[PDB]
């Protein structure tokens, strides 16, 4: 049933979990006790921009991702329409959350306009760029700047363009 906390996410049975723990040895990330763990996730989604077109349909993405991450057991913080500076501040605040200490993993989701150099903040234009680099996200979440997530999987998801090109070439059959 989809009426449980996991919603539409297919469950892993106890026999399935033991099979995975047998097909692979000690090459799996340890999972913390469900009763005590405090899993955290962060979604940053920019929809309304100063200069670039409105990201109509972003609400569908926010809804889908928020519900999915909750289904997977994460408490989801949703932040909207931020500049690159605001995103950095939010990421720094996320790295400082005490719940990471009693968590086994994290998810970071970024949804915005994007260019080759990175992700667009709400104030972005060609004249005055407002960009958050992927490099900066990693730096802010690494062992130096986020020791609480040491040895723990950190999944970063980015919905954004990475340039102007259509990403295709022609060939004849």
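Throughout, rigid core stands for the largest set of C-alpha atoms superposing within 1.5 Å between the two forms. Numbering follows the first chain given and starts at 1.
Enquirer: Taking RMS over all structures and residues, which stretch has CA atoms farther from the shown form in 6 other deposited structures of this protein, 109-117 or 25-33, after a rigid core fit?
Expert: The stretch that sits farther from the shown form in 6 other deposited structures of this protein is 25-33.
Enquirer: On average, are the C-alpha B-factors higher in 22-30 or in 130-138?
Expert: Taking the mean C-alpha B-factor of 22-30 and of 130-138, the larger value falls to 22-30.
Enquirer: Got a sec? Mean C-alpha B-factor, which is higher, 142-150 or 119-127?
Expert: Averaging CA B-factors over each stretch, the winner is 119-127.
Enquirer: Can you tell me which of 66, 38, 105, 56 has the highest Cα temperature factor in the record?
Expert: That would be 56.
Enquirer: Per the PDB entry, which option out of 12, 161, 155, 158 has the greatest Cα B factor?
Expert: Comparing C-alpha B-factors across 12, 161, 155, 158, the top value belongs to 12.
Enquirer: Within this chain's modelled residues, let me know which third the CA B factor of residue 112 belongs to: lowest, middle or highest.
Expert: According to the entry, residue 112 has a C-alpha B-factor in the chain's middle third.
Enquirer: Can you tell me whether residue 45 has a C-alpha B-factor in the lowest, middle or highest third compared with the other modelled residues of the same chain?
Expert: Its C-alpha B-factor belongs to the middle third of this chain's values.
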